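> kindly generate the corresponding structure for this input.
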Amino acid sequence: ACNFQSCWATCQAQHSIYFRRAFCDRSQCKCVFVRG
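Numbering: from 1, shown residues only. Sure, structure below:
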């Protein structure tokens, strides 16, 4: 199971201003973020 809102919150909470977006990739929470 994967949840968009839950994933977004998780990804946003950990990732700082480098956080792009968050979503469900396949069936797993995927966090998008840049390095530099």
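> and the next element down the chain from the helix or strand hosting residue 13?
When elements are assigned from DSSP states H and E, residue 13 belongs to helix 4-14. Sequence order places strand 19-25 as the next helix or strand after helix 4-14, per DSSP H and E.
> packing partners for that next one?
helix 4-14, strand 28-33 (3 or more CB pairs under 8 Å, 6 or more residues apart in numbering; DSSP states H and E). For every residue, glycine as well, the C-beta is placed using N, CA and C.
> in CSV: these, plus distance to residue 22.
Output for these, formatted as CSV (distance: least, CB to CB, whole Å):
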stretch, distance to residue 22
helix 4-14, 4
strand 28-33, 5
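> the ones you listed: which one's closest to residue 20?
strand 28-33 (4.1 Å; CB to CB).
> contacts for the closest one?
2-3, 6-7, 10-11, 14-15, 18-24 (CB atoms under 8 Å, 6 or more residues apart in numbering).
> thinking again about what came up before, would you turn the helices and strands packed on strand 19-25 into CSV with mean neighbour count?
Shown next, in CSV, are the helices and strands packed on strand 19-25 (neighbours: other CB atoms under 10 Å):
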stretch, mean neighbour count
helix 4-14, 14
strand 28-33, 14
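> list phi and psi for residue 15.
phi -70, psi 140 (degrees, to the nearest 10).
> contact partners for it?
Residue 15 touches 31, 33, counting by CB under 8 Å, 6+ apart.
> grab the nearest non-local neighbour of residue 7.
Nearest residue to residue 7 in three dimensions, chain neighbours excluded: residue 29, at 3.8 Å (CB to CB, 6 or more residues apart in numbering).
> beta partners for the closest residue to residue 12 other than its chain neighbours?
Once flanking residues are discounted, residue 12 sits nearest to residue 19: 5.5 Å by CB to CB, 6+ apart. Beta-bridge pairing of residue 19 under DSSP bridges involves residue 33.
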